[PDB]
Amino acid sequence: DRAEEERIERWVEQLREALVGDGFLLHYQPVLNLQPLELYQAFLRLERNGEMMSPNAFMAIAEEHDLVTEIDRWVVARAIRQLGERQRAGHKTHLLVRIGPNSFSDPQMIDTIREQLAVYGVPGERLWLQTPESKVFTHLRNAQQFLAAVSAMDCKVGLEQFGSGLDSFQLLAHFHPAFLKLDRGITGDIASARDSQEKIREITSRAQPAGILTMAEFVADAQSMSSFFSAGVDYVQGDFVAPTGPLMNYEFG
Ligand SMILES: Nc1nc2c(ncn2[C@@H]2O[C@@H]3COP(=O)(O)O[C@H]4[C@@H](O)[C@H](n5cnc6c(=O)[nH]c(N)nc65)O[C@@H]4COP(=O)(O)O[C@H]3[C@H]2O)c(=O)[nH]1
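And the structure:
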């Protein structure tokens with residue numbers, strides 16, 4: 435297990451070098467209104485010796501070695517720079533960015549948001565931050581504090597992998613997100629299954645009057661796209677809309 439630990443060590447070193455040396459980059463997936473906005477989701481990549489590496493390569497090591505906090509700060513800072521450059525170039529771009537629960541209590545994350553929005557002159561509304569519902573359940577106080585701190589900048593905070601149980605309804609009484617992205621477990625077979633269609637309607641019929649935007653992901657076909665619209669979902673993303681890529685060249689309208 436010396437060879438293995440040496441492998442782990444070199445990934446950790448590489449991730450540290452990527453933070454210092456700009457070795458990460460972002461790719462972007464368009465997010466389309468069903469019920472409009474220039475909106476993309478940021479996805480992280482690592483440029484390691486001619487390969488455009490996915491986080492499937494390294495995130496497990498990052499989490500084991502407590503590097504996720506710093507990686508999410510890197511992504512948010514890079515995202516705000518992108519929003520700033522896009523604005524300067526005449527584009528009203530919005531980005532959806534991932535943060536994990538360790539960021540909820542990280543003063544450097546709030547500092548990064550506050551300071552980088554300001555220096556690029558980007559209104560907070562352009563930045564949407566998403567975290568998995570599962571992590572809010574287990575870090576509720578800190579999540580509420582994060583929500584309050586970043587909503588003071590007009591940023592949107594929402595939940596991904598959102599479920600359809602009564603635990604979710606209870607959470608919404610205590611945590612008011614700007615948006616909800618449905619877990620793929622609910623939406624996978626929306627085109628061919630009635631119980632999925634009903635879970636989605638239970639969520640949209642509550643979300644809509646509460647002013648909470650709803651979102652579906654991994655949309656793979658036209659029948660699925662067509663069915664989210666019926667159920668009242670606000671936004672959709674997936675390879676059938678457009679795949680992740682390096683450029684923001686989607687024509688939204
Ligand atoms: N979410 C999502 N993904 C779609 C969709 N359509 C296609 N994809 C692709 O399918 C993969 C889904 O992985 P994930 O569950 O988002 O899981 C992600 C996530 O755990 C992590 N990840 C990716 N980007 C970030 C990031 O910016 N921050 C953090 N903290 N983790 C990230 O790496 C995993 C793999 O990401 P990728 O290699 O980029 O690969 C992504 C993405 O490129 C869609 O509608 N939604």
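Letter by letter, the sequence shown follows residues 435 to 469, 472 to 689 in the authors' numbering. The C-beta atom is built at its ideal place from N, Cα and C for all residues, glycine as well.
Could you have a look at residue i and say whether DSSP puts it in helix, strand or coil?
i	result
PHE611	coil
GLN566	strand
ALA652	strand
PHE605	helix
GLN581	helix
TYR556	helix
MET488	strand
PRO464	strand
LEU449	helix
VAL454	helix
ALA437	helix
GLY621	helix
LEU576	helix
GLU483	strand
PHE598	strand
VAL669	coil
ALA478	strand
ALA678	strand
With distances taken from CA atoms, which of the options is nearest residue i?
i	options	result
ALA667	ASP657, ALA678, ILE639, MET684	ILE639
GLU439	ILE497, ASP502, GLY455, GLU474	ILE497
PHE654	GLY621, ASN485, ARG517, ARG484	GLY621
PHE611	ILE648, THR548, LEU618, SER490	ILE648
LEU449	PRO559, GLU483, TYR671	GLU483
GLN597	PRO568, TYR686, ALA584	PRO568
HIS527	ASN578, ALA609, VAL558, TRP510	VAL558
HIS575	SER600, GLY560, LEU466, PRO537	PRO537
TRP564	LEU480, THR529, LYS635	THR529
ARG441	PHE494, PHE458, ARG481	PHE494
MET661	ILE626, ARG630, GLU500	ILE626
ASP657	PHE676, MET545, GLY560	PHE676
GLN544	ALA525, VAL511, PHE458, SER663	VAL511
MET488	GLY457, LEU466, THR505, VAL465	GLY457
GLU506	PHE665, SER641, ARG630, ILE546	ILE546
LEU683	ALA554, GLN581, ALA478	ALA478
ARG517	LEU553, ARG444, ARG630	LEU553
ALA646	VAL446, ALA609, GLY689, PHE665	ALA609
So residue i packs on residue j, CB below 8 Å; how close in whole Å?
i	j	result
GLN673	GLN463	6 Å
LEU519	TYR556	7 Å
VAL593	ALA614	6 Å
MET589	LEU618	Contact flag wrong, Cβ pair sits at about 26 Å.
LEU602	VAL572	The pair is not a contact, with the Cβ atoms about 16 Å apart (cut-off 8 Å).
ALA513	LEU531	Not a contact, Cβ separation roughly 12 Å.
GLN566	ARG534	6 Å
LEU468	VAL669	6 Å
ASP508	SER539	5 Å
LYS635	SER663	Their Cβ separation, rounded to whole angstroms, is 12 Å, which puts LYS635 and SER663 out of contact at 8 Å.
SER541	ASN578	5 Å
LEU480	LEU460	6 Å
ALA678	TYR671	No, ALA678 and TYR671 are not in contact; Cβ-Cβ is about 13 Å, not under 8 Å.
Given the structure, does residue i come close to ligand 2, in the sense that its CB is under 7 Å from one of the ligand's heavy atoms?
i	result
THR680	Ligands displayed in this structure: ligand 1; ligand 2 is not among them.
Worksheet item: At which residue ranges does the region 502-542 contain complete beta strand (DSSP E) runs of 3 or more residues, listed in the order of the chain?
Response: Within the region 502-542, the complete beta strand (DSSP E) runs of at least 3 residues are 530-534.
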